[PDB]
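Taking the form deposited in one PDB entry, here's one chain by itself in structure tokens.
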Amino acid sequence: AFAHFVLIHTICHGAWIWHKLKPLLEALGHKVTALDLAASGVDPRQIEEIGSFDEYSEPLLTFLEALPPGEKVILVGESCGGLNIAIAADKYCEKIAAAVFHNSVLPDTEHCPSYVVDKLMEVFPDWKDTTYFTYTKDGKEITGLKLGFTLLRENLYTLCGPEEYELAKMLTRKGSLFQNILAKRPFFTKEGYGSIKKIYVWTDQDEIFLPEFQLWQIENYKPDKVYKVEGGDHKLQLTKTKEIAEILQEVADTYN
């Protein structure tokens, strides 16, 4: 079967991270939407105008609001994109056939929204040449970040070609994890996010979302299916594109 995949990037990135995978899925007959979230990619807003992960997720919510009744999509989020999936599934679960976590955080319904991100900080505490800044928005002090180039090269794009790492240096923008605000956010619900079919795709070769963190997430909240890709790096849609398109085809054939 054919599906409508909605591809969701991670913080500091944009729709451009999907420039290799999107053509491949369309060549198999699928419809593909790759969104820039707020203050990301070529979106005009700056991160200082955004005060929460929910505000950050606005292009995705607006997009899901606009789908005609009875039309369903498969959400595919990479890295922190799993938090944008949780926020959207709580509001539009009728519109989601399934969600695919691609080297992604997997929030639960039992602990606070920042839980899985707090655990990532325990497991991976040194972000090398990443720089931080603070800003205020709606009375809250928010810590923003800009991903360092050595961290980009060594941990996120480990095995990507120099021309793919060059795009990351040219296009990554300031972003935020909004961690202190996720902590105070209401929990994701069991009827919204909790009811969605979840497929967890990962590689043990990931150098930021380390096997210890990823296997801990699978044990904390069991996914409906787990696919482990051999080789690659954190950006599997760049280093294992064809393998990821095979997995998504199989997901299109099971879920609707």
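In case it trips you up, residue 1 is the first one in the sequence shown, and so on.
Asks: Output the stretch having the higher mean C-alpha B factor in the entry; the candidates are 119-127 and 96-104.
Replies: It is 119-127.
Asks: Highest mean C-alpha temperature factor of the two stretches 231-239 and 11-19, which is it?
Replies: 231-239 has the higher mean C-alpha B-factor.
Asks: Have a look at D206, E212, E191, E58 and flag the one whose Cα has the highest B-factor in the entry.
Replies: Going by the entry's C-alpha B-factors, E191 comes out highest.
Asks: From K184, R153, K174, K169, which pick has the Cα B-factor that tops the rest in the entry?
Replies: Result of the comparison over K184, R153, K174, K169: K184.
Asks: Using the temperature factors of the C-alpha atoms in this entry, rank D54 within its chain: lowest, middle or highest third.
Replies: For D54, the deposited C-alpha B-factor lands in the lowest third.
Asks: Please say which third, lowest, middle or highest, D36 falls into when its CA temperature factor is compared across its chain.
Replies: For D36, the deposited C-alpha B-factor lands in the lowest third.
Asks: Please say which third, lowest, middle or highest, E78 falls into when its CA temperature factor is compared across its chain.
Replies: CA B-factor rank for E78: lowest third.
Asks: What third of the chain, by the recorded C-alpha B-factor, contains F178?
Replies: Middle third of the chain for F178's C-alpha B-factor.
Asks: For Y221, return the chain-relative third of its C-alpha B-factor as stated in the PDB record: lowest, middle or highest.
Replies: It falls in the top third of the chain.
What comes next is about the form solved in complex with a small molecule, which does not appear here.
Asks: From the list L156, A89, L106, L75, which entry has a heavy atom within 4.5 Å of the small molecule in the bound PDB entry?
Replies: Comparing distances to the small molecule in the bound PDB entry, the residue within 4.5 Å is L156.
Asks: The small molecule isn't shown here, but in the bound PDB entry which of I208, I196, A38, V229 has a heavy atom within 4.5 Å of it?
Replies: When the small molecule is considered in the bound PDB entry, the option within 4.5 Å is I208.
Asks: For the interface check, one of 145-153, 93-101, 163-171, 180-188 should have non-hydrogen atoms within 4.5 Å of the small molecule in the bound PDB entry; which one?
Replies: Answer to the contact question: 145-153.
Asks: I'd like to know if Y115 sits close to the small molecule in the bound PDB entry, meaning any non-hydrogen atom pair within 4.5 angstroms.
Replies: It does not: once the small molecule is placed as it appears in the bound PDB entry, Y115 has no heavy atom within 4.5 Å of it.
Asks: Indicate whether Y135 is a 4.5 Å heavy atom neighbour of the small molecule in the bound PDB entry.
Replies: Because no heavy atom of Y135 falls inside 4.5 Å of the small molecule in the bound PDB entry, the answer is no.
Asks: Taking 4.5 angstroms as the cut-off for heavy atoms, does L248 touch the small molecule in the bound PDB entry?
Replies: Heavy-atom contact with the small molecule at 4.5 Å: absent for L248.
Asks: Give a yes/no on whether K235 approaches the small molecule to within 4.5 Å in the bound PDB entry, heavy atoms considered.
Replies: Judged by the heavy-atom cut-off of 4.5 Å, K235 is in contact with the small molecule in the bound PDB entry.
Asks: Does each of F5, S57 and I85 have at least one heavy atom within 4.5 Å of the small molecule in the bound PDB entry?
Replies: Contact check failed for every one of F5, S57 and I85.
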